[PDB]
Amino acid sequence: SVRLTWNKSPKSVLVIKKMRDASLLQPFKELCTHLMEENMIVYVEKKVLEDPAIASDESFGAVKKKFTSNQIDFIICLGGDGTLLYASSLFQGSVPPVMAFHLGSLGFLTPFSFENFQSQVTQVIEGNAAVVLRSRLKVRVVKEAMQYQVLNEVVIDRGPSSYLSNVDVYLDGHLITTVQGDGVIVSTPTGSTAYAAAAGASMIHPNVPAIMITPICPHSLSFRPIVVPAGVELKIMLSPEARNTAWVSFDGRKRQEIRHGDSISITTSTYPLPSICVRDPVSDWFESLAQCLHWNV
Amino acid sequence: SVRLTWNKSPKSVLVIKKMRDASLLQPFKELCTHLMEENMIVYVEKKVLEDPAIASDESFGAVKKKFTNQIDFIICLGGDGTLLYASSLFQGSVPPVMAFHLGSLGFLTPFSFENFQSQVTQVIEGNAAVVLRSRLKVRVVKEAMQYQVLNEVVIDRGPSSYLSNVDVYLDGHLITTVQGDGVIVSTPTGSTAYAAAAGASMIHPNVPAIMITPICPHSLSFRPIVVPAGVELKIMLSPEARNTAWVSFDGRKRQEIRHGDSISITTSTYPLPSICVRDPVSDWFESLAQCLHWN
Amino acid sequence: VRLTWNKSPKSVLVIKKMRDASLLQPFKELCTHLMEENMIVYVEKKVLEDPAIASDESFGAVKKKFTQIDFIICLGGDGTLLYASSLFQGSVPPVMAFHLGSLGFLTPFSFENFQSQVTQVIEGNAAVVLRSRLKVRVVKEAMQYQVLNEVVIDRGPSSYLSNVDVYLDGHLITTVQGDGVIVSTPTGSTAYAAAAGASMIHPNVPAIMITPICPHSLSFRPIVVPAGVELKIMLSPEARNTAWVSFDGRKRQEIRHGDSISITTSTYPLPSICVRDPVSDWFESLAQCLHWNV
Amino acid sequence: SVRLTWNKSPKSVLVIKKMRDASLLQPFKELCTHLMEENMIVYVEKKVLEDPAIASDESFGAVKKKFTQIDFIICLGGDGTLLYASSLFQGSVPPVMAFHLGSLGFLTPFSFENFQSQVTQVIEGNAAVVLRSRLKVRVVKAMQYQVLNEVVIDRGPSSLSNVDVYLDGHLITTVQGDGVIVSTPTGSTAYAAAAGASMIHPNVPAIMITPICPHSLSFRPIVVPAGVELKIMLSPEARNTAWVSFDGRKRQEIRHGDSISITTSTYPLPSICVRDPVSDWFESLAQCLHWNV
């Protein structure tokens with residue numbers, strides 16, 4: 001039940017929109033006006049302020065000139081479960097608190113509703129609103145060097161190919177299983193409702209410190225989606241007696257092939273992602289399950 | 001349980017080897033010598049009799065010369081892939097197929113290689129039980145190309161990313177729109193194939209039905225369904241989708257399907273008969289036990 | 001599918017779900033219309049004795065005209081058609097099931113404009129689904145049953161694992177260990193069998209399902225076998241305690257070491273009339289009731 | 001990485017046997033003689049030393065008199081003995097070492113071969129342990145229970161079940177079906193696994209909620225933070241009694257006014273690992289339930 005900690009009053013706001021959506025153009029204008037109305041410096045993505053849709057409207061040009069890594073104090077995200085992934089990408093270090101709004105479809109990371117947004121934003125800036133310290137994974141891909149921070153899942157699966165994958169999974173140098181099938185969806189508790197859920201994984205509340213291992217259509221019918229303690233060091237590498245190679249993805253981002261020499265190491269990060277909740281960590285998660293994924297209906 | 005009907009005594013044998021396996025050389029040589037001992041014409045794949053392993057061994061050159069709608073009986077070597085190749089090579093009325101498992105045992109390879117001469121003589125002379133395995137007549141129409149599929153036809157997100165939105169029409173009615181990795185519409189014989197890894201139930205090959213199984217569906221309440229055999233399926237991309245989908249036929253040629261393309265699936269009239277070592281039922285459960293660890 | 005009455009229908013057997021006030025008034029409207037035509041109406045003798053139906057003197061006018069079955073009309077959801085099969089161990093006549101409120105897998109017909117729908121079934125030809133049933137025979141150290149949805153062998157007033165052997169043509173296939181088994185017809189694939197992880201089978205597939213209840217082994221999945229097979233389930237000799245058998249949520253009887261149960265597809269199917277077609281009715285039922293898509 | 005802290009050298013040992021097995025009769029004699037050989041008091045259940053098998057054998061009568069606050073627990077049997085060990089210790093339970101004579105379970109890491117050398121290491125040296133979580137359960141009609149594997153609320157001698165589940169005062173779900181199998185991470189490999197639950201390592205501090213054959217096709221097992229307050233009670237509608245079981249112990253009947261509350265206990269069960277907590281758990285998966293062939 002961590003409430004909040006500002007230390008110094010907020011002054012920098014990084015507003016990130018899902019883009020490529022006309023429906024989000026108009027609500028973006030209203031929020032920026034109110035945020036700019038208060039004595040708060042507003043950061044917006046560099047590419048966002050130069051789209052033809054935002055450039056054509058000369059009415060909004062009044063505040064466009066007042067826009068502007070390590071000085072962001074608070075993040076506002078527009079969009080459902082596709083924007084918070086991008087927010088974590090720009091912050092490999094300590095990411096500030098993130099408040100996500102759902103305009104239409106409601107996701108697992110977007111509790112706040114857009115109606116009466118002025119009152120909700122003022123409460124976060126002035127008052128205290130409860131947060132969930134969501135866990136993240138740091139993955140290192142060693143080539144025979146390149147870290148990543150992953151919020152939902154890292155997937156090691158067969159890319160363009162036909163043969164079943166044969167990749168070995170190590171847990172603290174104590175090789176546990178060799179998964180044969182499409183792949184594995186090693187994931188955080190936040191990703192338990194993500195693509196990992198489609199593979200038969202159980203749904204973990206984001207306050208449970210753990211790392212999940214879930215196959216994608218395993219060949220063995222007794223292979224279950226285990227979950228391991230948070231502080232363990234994983235290591236996934238191709239088995240030496242295995243034809244064809246495998247591809248790795250990071251929250252639906254850059255895909256790079258791993259061969260008989262490359263190894264990926266997974267460990268829980270020390271820089272969590274705080275997401276603000278509208279009511280409380282427990283009720284919002286269960287409300288999200290029913291409204292989005294139909295947990296009980 | 002239909003046994004056998006030769007009409008005329010067998011004279012042509014088509015032997016397919018799994019290939020790319022040195023362990024299959026000597027048993028193949030022994031079987032070919034035994035078959036050539038009898039007055040039976042032996043057909044072997046043309047590109048099989050040109051490998052460096054089969055060319056270097058000059059001892060086998062004594063019988064190498066005697067090789068060669070004209071096949072009466074099929075002998076298969078390999079596990080669960082050789083019968084796929086045989087079905088691919090025979091788009092019409094495929095003759096009876098007998099499969100031998102040399103090491104690993106599959107769902108389509110009941111016969112053991114020990115005392116192979118006696119088993120082959122019994123199959124040729126006597127009557128042995130068969131399973132008339134069903135196949136699918138998939139037709140892909142472009143904005144023209146039929147295939148016969150024994151295990152499964154898969155429509156999934158191929159060399160690309162992002163979710164999939166493809167519509168499934170059954171007898172002209174949109175039954176469902178599957179979102180996820182894809183769908184594994186398959187025969188009962190494929191119920192133990194990759195369709196099984198996606199959560200499908202295990203259907204005995206004497207059940208006349210067609211299965212529909214998703215690959216990691218987005219909705220938690222979307223269970224595999226099985227539909228009557230004599231149904232006409234039709235899978236095509238949803239109009240409100242951007243990324244195209246890729247279709248595979250038993251792990252064979254993959255072709256991307258765009259908005260204007262549709263695939264139609266219907267039970268074939270040319271089944272694949274596979275001879276059983278003991279009976280059509282017990283062999284399936286034995287294969288489930290050892291091959292797949294059913295319990 | 002090409003329904004022929006041979007002789008025009010004259011006997012109608014109406015079964016109500018009972019213990020439901022909401023079904024009292026709709027029952028009155030249908031019986032008046034059915035009695036309006038020159039058609040003998042059969043109703044269960046215990047139906048016309050409830051205080052609710054006796055108190056209303058207005059309906060007493062046609063109560064006397066109630067009373068070899070040619071056609072069956074059912075009211076209720078997924079619980080009435082099971083009772084309809086119970087009274088007919090032989091050739092059950094076609095059954096038309098109405099849903100008032102909740103919609104089930106056995107009840108396609110909507111109660112609105114029931115007069116037009118009933119007249120079409122009586123006069124015109126409608127489409128039917130020949131639902132498969134199981135001839136279950138229990139032999140002690142003989143009681144024969146007909147089961148439409150499922151026969152379940154599981155622990156009852158006790159709490160321990162189960163070790164029961166499943167024989168298939170004398171070639172015992174597995175010893176299921178866990179809660180039990182839900183051997184069932186395709187019509188029961190949208191029932192308690194489905195709650196155990198069974199795939200949903202269209203009722204035109206002629207096969208028999210075997211679905212465990214919480215099996216102890218992780219790699220043990222529901223199987224479906226050809227319809228014409230003879231199943232035989234009996235307790236394993238090296239197993240303590242006993243198991244209990246249920247027939248569509250009906251009488252339970254304990255089976256001990258010497259008792260065996262034999263299951264075989266019946267030769268007397270249950271014809272259920274569909275509103276549009278055998279296929280699209282089933283898929284609509286999946287979405288509206290079991291949420292197969294959402 | 002805490003391993004063990006005896007503080008005071010062990011002097012009291014409670015040896016509990018799975019019983020009802022002739023194969024376990026002989027190994028029981030060997031261990032008790034060796035444990036009594038060292039200057040260490042041995043406790044045995046009072047009903048154990050009265051069976052015809054133990055009374056008839058006059059050879060073992062030499063030390064039968066010397067049997068008699070427990071400092072260390074030795075268990076014989078597979079996955080059925082530590083449940084009995086938890087029952088006798090509702091407070092702080094001492095370290096528990098379990099031997100698998102034949103069948104290999106999840107709470108029984110130690111093998112009986114070269115037992116004497118293994119016993120000396122535990123008494124003298126330090127061995128790694130798993131602080132397994134337990135659930136304190138209150139049934140209010142205030143009879144508490146401590147549960148190691150699972151508490152099950154399911155239909156019993158009857159024929160669906162409509163029972164409500166509350167989490168910190170909020171109705172999270174209403175489960176319809178056979179019932180709910182709320183369990184600890186140690187119970188994830190127990191009958192909770194047969195219900196479709198994922199397999200949780202016993203070092204993950206969480207509480208699992210899993211249905212038993214739920215009516216809805218989409219009702220996935222959920223796992224919640226350890227320090228949360230569960231409260232399960234019958235729905236006001238669908239008046240039919242449900243039954244509650246605690247690791248297969250006394251099955252009670254819950255009516256409309258009965259409530260069951262589940263929270264993580266503050267008295268864990270320390271089970272001694274054989275080589276290390278991580279590798280031992282994966283070894284048990286391969287042999288017991290054949291996880292990935």
# chains A, B, ... in the order shown; residues from 1 in each chain; ligands from 1

call {"tool": "select_by_dssp", "arguments": {"residues": "region 166-285 of chain D", "states": "strand (DSSP E or B)", "output": "ChimeraX atom specification"}}
result
/D:166-167,170-180,183,200,206-209,211-214,222-225,230-234,242-246,252-254,259-264,269-272

call {"tool": "closest_atom_pairs", "arguments": {"of": "chain A", "to": "chain C", "cutoff": "12 Å", "atoms": "only C-alpha atoms", "output": "tab-separated table"}}
result
residue	atom	partner	partner_atom	distance
A:218	CA	C:219	CA	11.6
A:219	CA	C:219	CA	11.0
A:220	CA	C:219	CA	7.9
A:221	CA	C:219	CA	5.0
A:222	CA	C:219	CA	4.3
A:223	CA	C:218	CA	7.8
A:224	CA	C:218	CA	8.1
A:225	CA	C:218	CA	11.8
A:290	CA	C:294	CA	11.4
A:291	CA	C:294	CA	11.1
A:292	CA	C:294	CA	10.1
A:293	CA	C:294	CA	8.7
A:294	CA	C:294	CA	7.5
A:295	CA	C:294	CA	10.7
A:296	CA	C:291	CA	10.5
A:297	CA	C:291	CA	7.6

call {"tool": "write_last_selection", "arguments": {"atoms": "C-alpha atoms", "output": "PDB file, in the first residue's frame"}}
result
ATOM      1  CA  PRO A 218       4.787 -27.561 -25.856  1.00  0.00           C
ATOM      2  CA  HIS A 219       5.333 -30.925 -27.495  1.00  0.00           C
ATOM      3  CA  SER A 220       5.266 -32.675 -24.112  1.00  0.00           C
ATOM      4  CA  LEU A 221       1.731 -32.673 -22.738  1.00  0.00           C
ATOM      5  CA  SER A 222       2.900 -32.676 -19.097  1.00  0.00           C
ATOM      6  CA  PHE A 223       4.870 -29.418 -19.331  1.00  0.00           C
ATOM      7  CA  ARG A 224       3.177 -26.787 -17.173  1.00  0.00           C
ATOM      8  CA  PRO A 225       3.733 -23.018 -16.894  1.00  0.00           C
ATOM      9  CA  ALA A 290     -13.634  -9.038 -15.916  1.00  0.00           C
ATOM     10  CA  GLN A 291     -13.987  -5.994 -18.172  1.00  0.00           C
ATOM     11  CA  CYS A 292     -11.121  -6.840 -20.552  1.00  0.00           C
ATOM     12  CA  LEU A 293     -10.303 -10.570 -20.500  1.00  0.00           C
ATOM     13  CA  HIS A 294     -13.680 -11.864 -19.197  1.00  0.00           C
ATOM     14  CA  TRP A 295     -12.278 -13.601 -16.126  1.00  0.00           C
ATOM     15  CA  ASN A 296     -15.668 -14.804 -14.862  1.00  0.00           C
ATOM     16  CA  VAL A 297     -18.122 -14.047 -17.690  1.00  0.00           C
TER      17      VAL A 297
END

call {"tool": "closest_atom_pairs", "arguments": {"of": "chain D", "to": "chain A", "cutoff": "10 Å", "atoms": "only C-alpha atoms", "output": "Markdown table"}}
result
| residue | atom | partner | partner_atom | distance |
| --- | --- | --- | --- | --- |
| D:167 | CA | A:282 | CA | 8.2 |
| D:168 | CA | A:282 | CA | 8.4 |
| D:169 | CA | A:283 | CA | 10.0 |
| D:170 | CA | A:283 | CA | 7.3 |
| D:171 | CA | A:283 | CA | 9.1 |
| D:172 | CA | A:286 | CA | 6.4 |
| D:173 | CA | A:296 | CA | 7.1 |
| D:174 | CA | A:296 | CA | 8.1 |
| D:175 | CA | A:296 | CA | 8.3 |
| D:176 | CA | A:296 | CA | 9.9 |
| D:188 | CA | A:226 | CA | 9.9 |
| D:193 | CA | A:224 | CA | 9.6 |
| D:196 | CA | A:202 | CA | 9.0 |
| D:197 | CA | A:202 | CA | 7.0 |
| D:198 | CA | A:225 | CA | 5.7 |
| D:199 | CA | A:226 | CA | 4.8 |
| D:200 | CA | A:227 | CA | 5.2 |
| D:201 | CA | A:228 | CA | 5.5 |
| D:202 | CA | A:229 | CA | 8.3 |
| D:203 | CA | A:229 | CA | 5.9 |
| D:204 | CA | A:229 | CA | 5.2 |
| D:205 | CA | A:208 | CA | 7.0 |
| D:206 | CA | A:208 | CA | 6.3 |
| D:207 | CA | A:208 | CA | 9.2 |
| D:208 | CA | A:204 | CA | 9.1 |
| D:210 | CA | A:202 | CA | 9.4 |
| D:214 | CA | A:296 | CA | 9.7 |
| D:215 | CA | A:296 | CA | 9.6 |
| D:216 | CA | A:296 | CA | 6.9 |
| D:217 | CA | A:296 | CA | 8.7 |
| D:218 | CA | A:295 | CA | 6.0 |
| D:219 | CA | A:295 | CA | 5.3 |
| D:220 | CA | A:202 | CA | 6.2 |
| D:221 | CA | A:202 | CA | 5.5 |
| D:222 | CA | A:203 | CA | 5.0 |
| D:223 | CA | A:204 | CA | 5.2 |
| D:224 | CA | A:205 | CA | 5.5 |
| D:225 | CA | A:208 | CA | 5.2 |
| D:226 | CA | A:208 | CA | 7.7 |
| D:228 | CA | A:282 | CA | 9.5 |
| D:278 | CA | A:171 | CA | 8.2 |
| D:279 | CA | A:174 | CA | 6.4 |
| D:281 | CA | A:176 | CA | 9.8 |
| D:282 | CA | A:176 | CA | 6.4 |
| D:283 | CA | A:176 | CA | 8.3 |
| D:285 | CA | A:176 | CA | 9.9 |
| D:286 | CA | A:176 | CA | 9.5 |
| D:289 | CA | A:222 | CA | 8.0 |
| D:290 | CA | A:222 | CA | 6.8 |
| D:291 | CA | A:223 | CA | 5.4 |
| D:292 | CA | A:223 | CA | 4.6 |
| D:293 | CA | A:220 | CA | 6.8 |

call {"tool": "residues_around", "arguments": {"residues": "residue 245 (chain B)", "least_positions_apart": "3", "cutoff": "6 Å", "atoms": "only C-alpha atoms", "output": "list in words"}}
result
residues 156, 157, 256 and 257 of chain B

call {"tool": "write_last_selection", "arguments": {"atoms": "C-alpha atoms", "output": "PDB file, in the first residue's frame"}}
result
ATOM      1  CA  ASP B 156      -0.857 -18.623 -38.660  1.00  0.00           C
ATOM      2  CA  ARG B 157       1.151 -15.409 -38.468  1.00  0.00           C
ATOM      3  CA  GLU B 256       0.799 -15.837 -47.861  1.00  0.00           C
ATOM      4  CA  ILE B 257      -2.940 -15.202 -48.067  1.00  0.00           C
TER       5      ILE B 257
END

call {"tool": "residues_around", "arguments": {"residues": "region 260-262 of chain B", "least_positions_apart": "3", "cutoff": "6 Å", "atoms": "only C-alpha atoms", "output": "ChimeraX atom specification"}}
result
/B:140-143,235-236,257

call {"tool": "write_last_selection", "arguments": {"atoms": "N, CA and C atoms", "output": "mmCIF file, in the first residue's frame"}}
result
data_model
loop_
_atom_site.group_PDB
_atom_site.id
_atom_site.type_symbol
_atom_site.label_atom_id
_atom_site.label_comp_id
_atom_site.auth_asym_id
_atom_site.auth_seq_id
_atom_site.Cartn_x
_atom_site.Cartn_y
_atom_site.Cartn_z
ATOM 1 N N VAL B 140 -7.158 -23.433 -52.344
ATOM 2 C CA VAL B 140 -6.806 -22.032 -52.146
ATOM 3 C C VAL B 140 -7.138 -21.278 -53.425
ATOM 4 N N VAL B 141 -7.991 -20.265 -53.310
ATOM 5 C CA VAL B 141 -8.465 -19.492 -54.450
ATOM 6 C C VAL B 141 -7.830 -18.111 -54.388
ATOM 7 N N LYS B 142 -7.225 -17.694 -55.494
ATOM 8 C CA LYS B 142 -6.542 -16.416 -55.587
ATOM 9 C C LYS B 142 -7.387 -15.424 -56.376
ATOM 10 N N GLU B 143 -7.294 -14.155 -55.992
ATOM 11 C CA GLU B 143 -8.056 -13.099 -56.650
ATOM 12 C C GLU B 143 -7.563 -12.871 -58.077
ATOM 13 N N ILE B 235 -11.975 -20.509 -44.703
ATOM 14 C CA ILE B 235 -11.223 -19.593 -43.857
ATOM 15 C C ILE B 235 -10.667 -18.480 -44.733
ATOM 16 N N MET B 236 -10.935 -17.233 -44.351
ATOM 17 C CA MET B 236 -10.471 -16.085 -45.112
ATOM 18 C C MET B 236 -10.200 -14.932 -44.160
ATOM 19 N N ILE B 257 -1.579 -15.485 -47.634
ATOM 20 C CA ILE B 257 -2.940 -15.202 -48.067
ATOM 21 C C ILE B 257 -3.271 -13.773 -47.661
#

call {"tool": "interface_residues", "arguments": {"of": "chain B", "to": "chain A", "cutoff": "7 Å", "atoms": "only C-alpha atoms", "output": "ChimeraX atom specification"}}
result
/B:158-159,197-198,216-220,251

call {"tool": "write_last_selection", "arguments": {"atoms": "C-alpha atoms", "output": "CSV table (one decimal), in the first residue's frame"}}
result
chain,number,residue,atom,x,y,z
B,158,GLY,CA,4.2,-16.3,-40.5
B,159,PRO,CA,7.4,-14.3,-41.1
B,197,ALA,CA,0.2,-29.3,-28.6
B,198,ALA,CA,-2.4,-26.5,-28.9
B,216,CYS,CA,-2.8,-19.5,-28.2
B,217,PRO,CA,-6.2,-17.8,-28.6
B,218,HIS,CA,-6.6,-14.3,-27.1
B,219,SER,CA,-9.9,-15.2,-25.4
B,220,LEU,CA,-9.6,-17.5,-22.5
B,251,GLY,CA,4.8,-28.6,-42.8

call {"tool": "select_by_dssp", "arguments": {"residues": "region 27-247 of chain B", "states": "alpha helix (DSSP H)", "output": "count of residues only"}}
result
42

call {"tool": "closest_residue", "arguments": {"among": "D:73, D:163, D:107, D:2", "to": "residue 236 (chain D)", "atoms": "only C-alpha atoms"}}
result
D:163

call {"tool": "interface_residues", "arguments": {"of": "chain B", "to": "chain D", "cutoff": "10 Å", "atoms": "only C-alpha atoms", "output": "list in words"}}
result
residues 219, 220, 221, 222, 223, 292, 293 and 295 of chain B

call {"tool": "interface_residues", "arguments": {"of": "chain C", "to": "chain D", "cutoff": "9 Å", "atoms": "only C-alpha atoms", "output": "short mmCIF file (atom, residue, chain, number, x, y, z; two decimals) with N, CA and C atoms, in the first residue's frame"}}
result
data_model
loop_
_atom_site.label_atom_id
_atom_site.label_comp_id
_atom_site.auth_asym_id
_atom_site.auth_seq_id
_atom_site.Cartn_x
_atom_site.Cartn_y
_atom_site.Cartn_z
N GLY C 156 -18.17 -40.43 -3.88
CA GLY C 156 -19.39 -39.84 -3.38
C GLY C 156 -19.25 -39.39 -1.94
N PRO C 157 -20.07 -39.96 -1.05
CA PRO C 157 -19.95 -39.62 0.37
C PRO C 157 -18.68 -40.18 0.99
N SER C 158 -17.54 -39.79 0.43
CA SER C 158 -16.23 -40.21 0.90
C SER C 158 -15.20 -39.24 0.33
N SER C 159 -13.96 -39.37 0.80
CA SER C 159 -12.91 -38.45 0.37
C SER C 159 -11.60 -39.24 0.28
N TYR C 160 -11.27 -39.68 -0.92
CA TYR C 160 -10.01 -40.36 -1.21
C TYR C 160 -9.87 -40.40 -2.72
N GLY C 178 -7.78 -40.01 -9.79
CA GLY C 178 -8.22 -38.66 -9.55
C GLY C 178 -9.65 -38.67 -9.04
N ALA C 191 -21.60 -29.70 -21.29
CA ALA C 191 -22.16 -29.98 -19.97
C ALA C 191 -20.99 -30.17 -19.02
N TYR C 192 -21.25 -30.81 -17.87
CA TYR C 192 -20.20 -31.07 -16.88
C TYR C 192 -18.95 -31.69 -17.50
N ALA C 194 -17.68 -30.60 -20.28
CA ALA C 194 -16.92 -29.44 -20.73
C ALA C 194 -16.18 -28.77 -19.58
N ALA C 195 -16.76 -28.78 -18.38
CA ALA C 195 -16.10 -28.18 -17.22
C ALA C 195 -14.81 -28.90 -16.84
N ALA C 196 -14.59 -30.12 -17.34
CA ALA C 196 -13.39 -30.89 -17.06
C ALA C 196 -12.32 -30.72 -18.13
N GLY C 197 -12.53 -29.83 -19.09
CA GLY C 197 -11.57 -29.59 -20.14
C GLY C 197 -11.83 -30.30 -21.45
N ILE C 213 -11.91 -36.23 -14.44
CA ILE C 213 -12.15 -35.11 -13.53
C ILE C 213 -10.88 -34.95 -12.70
N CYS C 214 -10.14 -33.87 -12.96
CA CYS C 214 -8.92 -33.56 -12.23
C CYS C 214 -7.99 -34.77 -12.16
N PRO C 215 -7.46 -35.25 -13.29
CA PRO C 215 -6.57 -36.41 -13.24
C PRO C 215 -5.28 -36.09 -12.49
N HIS C 216 -4.75 -37.10 -11.81
CA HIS C 216 -3.52 -36.91 -11.05
C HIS C 216 -2.32 -36.68 -11.96
N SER C 217 -2.29 -37.34 -13.11
CA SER C 217 -1.19 -37.20 -14.06
C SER C 217 -1.43 -35.99 -14.95
N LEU C 218 -0.40 -35.14 -15.08
CA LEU C 218 -0.54 -33.92 -15.87
C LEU C 218 -0.77 -34.23 -17.34
N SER C 219 -0.12 -35.27 -17.87
CA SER C 219 -0.26 -35.64 -19.28
C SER C 219 -1.32 -36.73 -19.40
N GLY C 249 -27.21 -36.81 -13.42
CA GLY C 249 -27.68 -36.25 -12.16
C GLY C 249 -28.89 -36.96 -11.59
N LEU C 290 -22.54 -20.49 -23.34
CA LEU C 290 -21.24 -20.86 -22.80
C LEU C 290 -20.15 -19.83 -23.10
N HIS C 291 -20.46 -18.79 -23.88
CA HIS C 291 -19.50 -17.74 -24.23
C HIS C 291 -18.26 -18.33 -24.92
N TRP C 292 -18.51 -18.95 -26.08
CA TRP C 292 -17.43 -19.59 -26.81
C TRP C 292 -16.53 -18.58 -27.52
#

call {"tool": "closest_atom_pairs", "arguments": {"of": "chain C", "to": "chain B", "cutoff": "8 Å", "atoms": "only C-alpha atoms", "output": "JSON lines"}}
result
{"residue": "C:171", "atom": "CA", "partner": "B:282", "partner_atom": "CA", "distance": 6.9}
{"residue": "C:173", "atom": "CA", "partner": "B:285", "partner_atom": "CA", "distance": 6.6}
{"residue": "C:174", "atom": "CA", "partner": "B:295", "partner_atom": "CA", "distance": 7.3}
{"residue": "C:198", "atom": "CA", "partner": "B:201", "partner_atom": "CA", "distance": 7.1}
{"residue": "C:199", "atom": "CA", "partner": "B:224", "partner_atom": "CA", "distance": 5.4}
{"residue": "C:200", "atom": "CA", "partner": "B:225", "partner_atom": "CA", "distance": 4.9}
{"residue": "C:201", "atom": "CA", "partner": "B:226", "partner_atom": "CA", "distance": 5.1}
{"residue": "C:202", "atom": "CA", "partner": "B:227", "partner_atom": "CA", "distance": 5.4}
{"residue": "C:204", "atom": "CA", "partner": "B:228", "partner_atom": "CA", "distance": 5.9}
{"residue": "C:205", "atom": "CA", "partner": "B:228", "partner_atom": "CA", "distance": 5.3}
{"residue": "C:206", "atom": "CA", "partner": "B:207", "partner_atom": "CA", "distance": 7.0}
{"residue": "C:207", "atom": "CA", "partner": "B:207", "partner_atom": "CA", "distance": 6.3}
{"residue": "C:217", "atom": "CA", "partner": "B:295", "partner_atom": "CA", "distance": 6.6}
{"residue": "C:219", "atom": "CA", "partner": "B:294", "partner_atom": "CA", "distance": 5.9}
{"residue": "C:220", "atom": "CA", "partner": "B:294", "partner_atom": "CA", "distance": 5.4}
{"residue": "C:221", "atom": "CA", "partner": "B:201", "partner_atom": "CA", "distance": 6.5}
{"residue": "C:222", "atom": "CA", "partner": "B:201", "partner_atom": "CA", "distance": 5.7}
{"residue": "C:223", "atom": "CA", "partner": "B:202", "partner_atom": "CA", "distance": 4.9}
{"residue": "C:224", "atom": "CA", "partner": "B:203", "partner_atom": "CA", "distance": 5.2}
{"residue": "C:225", "atom": "CA", "partner": "B:204", "partner_atom": "CA", "distance": 5.5}
{"residue": "C:226", "atom": "CA", "partner": "B:207", "partner_atom": "CA", "distance": 5.3}
{"residue": "C:227", "atom": "CA", "partner": "B:207", "partner_atom": "CA", "distance": 7.8}
{"residue": "C:280", "atom": "CA", "partner": "B:173", "partner_atom": "CA", "distance": 7.2}
{"residue": "C:283", "atom": "CA", "partner": "B:175", "partner_atom": "CA", "distance": 6.3}
{"residue": "C:291", "atom": "CA", "partner": "B:221", "partner_atom": "CA", "distance": 6.7}
{"residue": "C:292", "atom": "CA", "partner": "B:222", "partner_atom": "CA", "distance": 5.2}
{"residue": "C:293", "atom": "CA", "partner": "B:222", "partner_atom": "CA", "distance": 6.0}
{"residue": "C:294", "atom": "CA", "partner": "B:219", "partner_atom": "CA", "distance": 6.6}

call {"tool": "write_last_selection", "arguments": {"atoms": "C-alpha atoms", "output": "JSON list (two decimals), in the first residue's frame"}}
result
[["chain", "number", "residue", "atom", "x", "y", "z"],
["C", 171, "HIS", "CA", -8.25, -54.09, -24.07],
["C", 173, "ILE", "CA", -6.72, -48.58, -21.94],
["C", 174, "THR", "CA", -6.05, -46.63, -18.75],
["C", 198, "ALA", "CA", -13.32, -31.61, -22.85],
["C", 199, "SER", "CA", -13.47, -30.29, -26.38],
["C", 200, "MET", "CA", -16.94, -29.33, -27.60],
["C", 201, "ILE", "CA", -18.30, -31.86, -30.09],
["C", 202, "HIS", "CA", -21.09, -31.09, -32.54],
["C", 204, "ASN", "CA", -23.76, -34.88, -35.50],
["C", 205, "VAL", "CA", -20.38, -36.52, -34.78],
["C", 206, "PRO", "CA", -20.99, -40.21, -33.95],
["C", 207, "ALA", "CA", -18.47, -40.77, -31.15],
["C", 217, "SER", "CA", -1.19, -37.20, -14.06],
["C", 219, "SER", "CA", -0.26, -35.64, -19.28],
["C", 220, "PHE", "CA", -3.70, -37.23, -19.43],
["C", 221, "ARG", "CA", -6.22, -35.59, -21.74],
["C", 222, "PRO", "CA", -9.81, -36.34, -22.78],
["C", 223, "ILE", "CA", -10.15, -38.87, -25.58],
["C", 224, "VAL", "CA", -13.00, -39.63, -27.95],
["C", 225, "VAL", "CA", -13.59, -43.12, -29.34],
["C", 226, "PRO", "CA", -15.75, -44.52, -32.16],
["C", 227, "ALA", "CA", -19.46, -44.71, -31.39],
["C", 280, "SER", "CA", -25.95, -22.57, -36.84],
["C", 283, "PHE", "CA", -22.88, -22.26, -32.73],
["C", 291, "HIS", "CA", -19.50, -17.74, -24.23],
["C", 292, "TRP", "CA", -17.43, -19.59, -26.81],
["C", 293, "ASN", "CA", -16.27, -16.39, -28.55],
["C", 294, "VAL", "CA", -16.30, -13.55, -26.01]]
